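Trainee: Residue numbers (the deposited numbering), protein chains in the order written: chain A, 106 to 157; chain B, 1 to 314; chain C, 50 to 147; chain D, 197 to 293; chain E, 197 to 244.
The C-beta atom is built at its ideal place from N, Cα and C for all residues, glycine as well.
Before anything else, here's the structure in question.
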Amino acid sequence: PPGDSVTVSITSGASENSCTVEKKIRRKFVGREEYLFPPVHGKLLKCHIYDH
Amino acid sequence: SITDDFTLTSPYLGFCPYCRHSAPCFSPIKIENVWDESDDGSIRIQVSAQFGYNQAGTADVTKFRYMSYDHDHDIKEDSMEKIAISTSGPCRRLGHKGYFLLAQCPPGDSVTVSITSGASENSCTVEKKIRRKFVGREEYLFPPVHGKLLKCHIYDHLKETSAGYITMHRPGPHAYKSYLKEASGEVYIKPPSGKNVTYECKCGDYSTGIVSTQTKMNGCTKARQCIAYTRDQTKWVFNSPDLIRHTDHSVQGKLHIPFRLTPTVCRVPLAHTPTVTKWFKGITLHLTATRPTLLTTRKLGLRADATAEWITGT
Amino acid sequence: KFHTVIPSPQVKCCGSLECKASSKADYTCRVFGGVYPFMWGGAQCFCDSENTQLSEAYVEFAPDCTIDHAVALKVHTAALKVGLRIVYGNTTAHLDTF
Amino acid sequence: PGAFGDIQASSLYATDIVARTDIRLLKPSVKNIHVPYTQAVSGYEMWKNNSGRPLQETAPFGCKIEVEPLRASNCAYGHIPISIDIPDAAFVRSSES
Amino acid sequence: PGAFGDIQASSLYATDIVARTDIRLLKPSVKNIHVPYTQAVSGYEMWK
């Protein structure tokens, strides 16, 4: 989700720690219309995503 | 008339626009409607699962019934500690009956209903603007101890109160691809063990029938040109845009919509009393406001020049 | 506030459907040519592109409308009625006059 | 559509509701069964956001606007020509006073 | 009240503090024990 920081944590175990950096993550959308999550009905454009 | 016999009703599967994997999927916890007209921030959510009832449909507060993903078209029961509502943070569950949940939700841009554990772990997020609501002419975060009592309308926490009704219709056909075999070059109809399944095929001629066991059919080279669905289906389902209607789509029965919007008395803040400094034909108001407070003036003559302003700060 | 009621889609989906007329509020209908709809369970009928879907959409009253609603009124000439406190001698009389 | 009164009925429990809310039914694109639709905003909600201040606060002559029935109470305007026919017994002879 | 110097003393450890913050004590409206009050904002914080 959008925010001002990025944290990577080891939530348990002996080496429990964290690391926080200042990075601006903002909401991104494709096209000329704002959305929170993509709709079921729409038009299929070209968007670039990180391959899982 | 409106019935409360939920043995005659069944849950269904919807098409959620945002499942757990952030992709559209068929879900047993689809969110149909969200209502927020309560003055204390609560919301009423309609779901495709039935809460507060067991597998048989008899009332049991700790359990909810949902539609299985299996090919046997069954209804499954699970505990209600796995039902979680969230808008931006976790929401507090205030009641449940049938398709309806009541929750107190912080302001946010979406509504989520989840099953947090077990076999049927999923979510359903829909886009709804849940905004902070306050009663009166003074802003607040949570109601104060000291104030004046006004009239505010809230959702009743009791599930016996009814705010309307929803129409329940006959279950439509639900074709399952598991019921076609397509052995060598001809199609076979394979029922889910000994349950009657009806087939509709277009193998040159329109053919239909009911079968309890395996069947060869006639002149069907592909399994695409026939469909099969269970005949046993008789429990009513909601008028959902995600299901295919029966040829008899008449209102078979009616269910309540719980959590009626009833009038009660709220606690609203009383602002700091203004300091009035008087001069020739006029007044000065020294106004202390920690939250937006509404100052409204008007003249008591023919001209009623009326100022309205929301004031914060000194 | 209105409640958009979308019924369950009807697919006489090897053949064709006809739009009818209904008295429901803002009853909108549309017939779509070739659909081949899917659900959880795969293909919903047999013919490939001979499938017609009928979309219905009308409007209702929201369940919370019995509390949050507006009333539209036309108001004609107004009448004035007053309460008077005539005090004559040592007798006080209260009375309402048009 | 999109303005106050886009849905009308004689009563809340009436079966003769008339509405015009600009419902446009869209051609389905996805394979799963769907009714894609688009609609205008609620005229009631739009008016609620743009209603202004009520007559209870914009009334002239210090009128108190009240409902059930609709009335404007305690309005200070004009003059009233009262005519009183006082009973005879109230008056006393000029000798008695 | 509401301006810089609404609380004044010769020192921080003084027993002769003088102030004017417009404390208004309100009538208790609820059944439980309560001292309702309202006050002007801190002049020091406003000046800050």
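(1) According to DSSP, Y137 of chain C sits in a beta bridge with which residue or residues?
(2) Output, in chain order, the set of chain B residues within a Cβ distance shorter than 7 angstroms of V237 of chain E.
(3) I'd like to know if the stretch 72 to 90 of chain C and the stretch 126 to 146 of chain B are in contact, where contact means that at least 3 CB-CB pairs between them fall below 8 angstroms.
(4) Residues of chain D with a CB under 7 angstroms from the CB of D242 of chain B: which are they?
(5) Under the DSSP definition of a beta bridge, which residues are partnered with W35 of chain B?
(6) Classify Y69 of chain B as helix, strand or coil using the three-state DSSP reduction.
(7) Got a sec: is the Cβ-Cβ distance from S206 of chain E to anything in chain B below 9 angstroms?
(8) Can you tell me whether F147 of chain C is buried or exposed? The criterion is at least 16 other CB atoms within 10 Å of its CB, across all chains shown.
(9) Is it the case that the stretch 33 to 48 of chain B contacts the stretch 106 to 126 of chain C, given that we only count it when at least three CB pairs across the two stretches are under 8 angstroms?
(10) By the criterion of Cβ-Cβ separation under 8 angstroms, what are the contact partners of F95 of chain C in chain B?
(11) For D36 of chain B, would you say it is in contact with chain A, using Cβ-to-Cβ distances shorter than 9 angstroms as the test?
(12) Please identify, using Cβ separations under 8 angstroms, the residues of the stretch 74 to 94 of chain C that lie next to chain D, in order along the chain.
(13) Along the chain, where does the beta strand (DSSP E) that runs through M168 of chain B open and close?
(14) Is the stretch 248 to 255 of chain B touching the stretch 163 to 171 of chain B, taking contact as three or more C-beta pairs under 8 angstroms?
(15) For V145 of chain A, decide whether its Cβ has a neighbour in chain B, counting only Cβ atoms nearer than 9 angstroms.
(16) Would you call the stretch 253 to 267 of chain D and the stretch 298 to 305 of chain B in contact, with 3 or more CB pairs under 8 angstroms?
(17) For the putative contact between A289 of chain B and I257 of chain B, defined by C-beta atoms under 8 angstroms, what is the C-beta separation to the nearest angstrom?
(18) If you draw a straight line from the alpha carbon of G108 of chain B to that of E241 of chain D, how long is it in whole angstroms?
(19) Cutting at 6 angstroms between CB atoms, please list the residues of its own chain near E309 of chain B, excluding the five before and the five after it.
(20) By how many angstroms is the C-alpha of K50 of chain C removed from the C-alpha of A210 of chain D?
(21) Under 9 angstroms between C-beta atoms, does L221 of chain D make it to chain A?
(22) List, in chain order, every chain D residue whose beta-carbon is nearer than 9 angstroms to that of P58 of chain C.
(23) Between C63 of chain C and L221 of chain D, what straight-line distance do the alpha-carbon atoms span, to the nearest angstrom?
(24) Using a Cβ cut-off of 9 angstroms (strictly closer), state whether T87 of chain B contacts chain E.
(25) Using a Cβ-Cβ cut-off of 9 angstroms, state whether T254 of chain D counts as contacting chain C.
(26) Are the stretch 10 to 20 of chain B and the stretch 122 to 134 of chain B touching by the rule of at least three beta carbon pairs closer than 8 angstroms?
(27) Does any C-beta atom of chain E lie closer than 9 angstroms to the C-beta of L270 of chain B?
(28) So, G198 of chain E versus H286 of chain B, is the Cβ gap smaller than 9 angstroms?
(29) Compare the C-beta of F142 of chain A with all C-beta atoms of chain B and state if any pair is closer than 9 angstroms.
(30) Which residue marks the beginning of the beta strand (DSSP E) containing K244 of chain D, and which one marks its end?
(31) Between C63 of chain C and chain G, is any beta-carbon pair separated by less than 9 angstroms?
(32) Tell me the DSSP bridge mates of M217 of chain B?
(33) Using a Cβ cut-off of 9 angstroms (strictly closer), state whether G301 of chain B contacts chain D.
(34) Going by C-alpha to C-alpha distance, which of C:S72, C:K123, C:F81 and C:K73 sits closest to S104 of chain C?
(35) Measuring straight from C-alpha to C-alpha, what distance separates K177 of chain B and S162 of chain B?
(36) What does DSSP give as the partner residues of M80 of chain B in its beta bridges?
Mentor: Well, looking at it:
(1) Here residue 137 of chain C refers to the residue found at position 88 of the third sequence. Beta-bridge pairing links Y137 of chain C to C:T140.
(2) In the fifth sequence, residue 237 of chain E corresponds to position 41, counting from 1. Chain B residues near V237 of chain E: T288 and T314.
(3) The stretch 72 to 90 of chain C makes no contact with the stretch 126 to 146 of chain B; the number of CB pairs closer than 8 angstroms stays below 3.
(4) By 1-based counting over the second sequence, the position of residue 242 of chain B is 242. By Cβ distance, chain D contributes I229.
(5) Residue mapping note: residue 35 of chain B aligns to position 35 of the second sequence, counting from 1. Answer is B:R44, bridged to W35 of chain B.
(6) On the second sequence, position 69 is the one that residue 69 of chain B refers to. Residue state, collapsed to three classes: coil.
(7) The residue given as residue 206 of chain E occupies position 10 in the fifth sequence. Not one chain B Cβ lies under 9 angstroms of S206 of chain E.
(8) For the purposes of this step, residue 147 of chain C is taken as the residue at position 98 of the third sequence. Exposed.
(9) Yes, the stretch 106 to 126 of chain C touches the stretch 33 to 48 of chain B.
(10) Taking the third sequence and counting its residues from 1, one reaches residue 95 of chain C at position 46. Residues of chain B passing the Cβ test: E200, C201, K202, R224, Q225, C226 and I227.
(11) One-based indexing of the second sequence puts residue 36 of chain B at position 36. The beta carbon of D36 of chain B sits no closer than 9 angstroms to any beta carbon of chain A.
(12) Taking 8 angstroms as the Cβ-Cβ cut-off against chain D, the residues of the stretch 74 to 94 of chain C that qualify are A74, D75, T77, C78, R79, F81, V84, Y85, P86, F87, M88 and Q93.
(13) As a working note, residue 168 of chain B is residue 168 in the second sequence. In the DSSP annotation of this structure, the continuous segment of the beta strand (DSSP E) that includes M168 of chain B starts and ends at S162 to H169.
(14) Output reads yes: the stretch 163 to 171 of chain B touches the stretch 248 to 255 of chain B.
(15) Mapped onto the first sequence, residue 145 of chain A falls at position 40. With respect to chain B, the C-beta atom of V145 of chain A has a partner C-beta closer than 9 angstroms.
(16) Short answer: they touch.
(17) Against the second sequence, residue 289 of chain B aligns to sequence position 289. Against the second sequence, residue 257 of chain B aligns to sequence position 257. Not a contact, Cβ separation roughly 39 angstroms.
(18) Here residue 108 of chain B refers to the residue found at position 108 when the second sequence is read from its first residue. Here residue 241 of chain D refers to the residue found at position 45 when the fourth sequence is read from its first residue. Using only the alpha carbons, I get a separation of about 19 angstroms.
(19) Your numbering for residue 309 of chain B matches position 309 in the second sequence. Same-chain partners within the cutoff: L295.
(20) Along the fourth sequence, one-based indexing puts residue 210 of chain D at 14. Along the third sequence, one-based indexing puts residue 50 of chain C at 1. Distance between the alpha carbons of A210 of chain D and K50 of chain C is about 15 angstroms.
(21) Position 25 of the fourth sequence holds residue 221 of chain D. Answer no: the Cβ-Cβ gap between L221 of chain D and chain A never drops below 9 angstroms.
(22) Translated into the one-based positions of the third sequence, residue 58 of chain C becomes position 9. Those are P224, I229, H230 and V231, listed as they occur along chain D.
(23) The count along the third sequence starts at 1 and reaches residue 63 of chain C at position 14. The count along the fourth sequence starts at 1 and reaches residue 221 of chain D at position 25. In this structure, the CA atom of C63 of chain C is about 21 angstroms from the CA atom of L221 of chain D.
(24) As a working mapping, residue 87 of chain B is identified with position 87 in the second sequence. By this cut-off, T87 of chain B is not an interface position.
(25) For the purposes of this step, residue 254 of chain D is taken as residue 58 along the fourth sequence, with counting starting at 1. Not an interface residue.
(26) As far as the Cβ criterion goes, the stretch 10 to 20 of chain B touches the stretch 122 to 134 of chain B, which means the pair count is three or higher.
(27) On the second sequence, residue 270 of chain B is found 270 positions in, with the first residue counted as 1. True, the Cβ-Cβ gap to chain E drops below 9 angstroms.
(28) Indexing the fifth sequence from 1 puts residue 198 of chain E at position 2. Indexing the second sequence from 1 puts residue 286 of chain B at position 286. A contact, by the Cβ cut-off of 9 angstroms.
(29) Taking the first residue of the first sequence as position 1, residue 142 of chain A is located at position 37. Under the 9 angstroms criterion on CB atoms, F142 of chain A is classed as interfacial with respect to chain B.
(30) Counting from 1 along the fourth sequence, the entry for residue 244 of chain D is found at position 48. For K244 of chain D, there is no enclosing beta strand (DSSP E); the enclosing alpha helix (DSSP H) has its first and last residue at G239 to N245.
(31) Among the protein chains of the structure shown, namely A, B, C, D and E, there is no chain G.
(32) As a first step, residue 217 of chain B is located in the second sequence; it is residue number 217 there, counting from the start. The bridge partners DSSP lists for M217 of chain B come to none.
(33) Counting from one through the second sequence, the residue named residue 301 of chain B turns up at place 301. Yes, because at least one Cβ of chain D sits closer than 9 angstroms to the Cβ of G301 of chain B.
(34) Mapped onto the third sequence, residue 104 of chain C falls at position 55. Nearest option by C-alpha distance: C:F81.
(35) Numbered from its first residue, the second sequence carries residue 177 of chain B at position 177. Numbered from its first residue, the second sequence carries residue 162 of chain B at position 162. Straight-line Cα distance between these residues: approximately 40 angstroms.
(36) Position 80 of the second sequence, counted from the first residue, corresponds to residue 80 of chain B. The secondary-structure analysis by DSSP pairs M80 of chain B with nothing; it has no beta-bridge partner.
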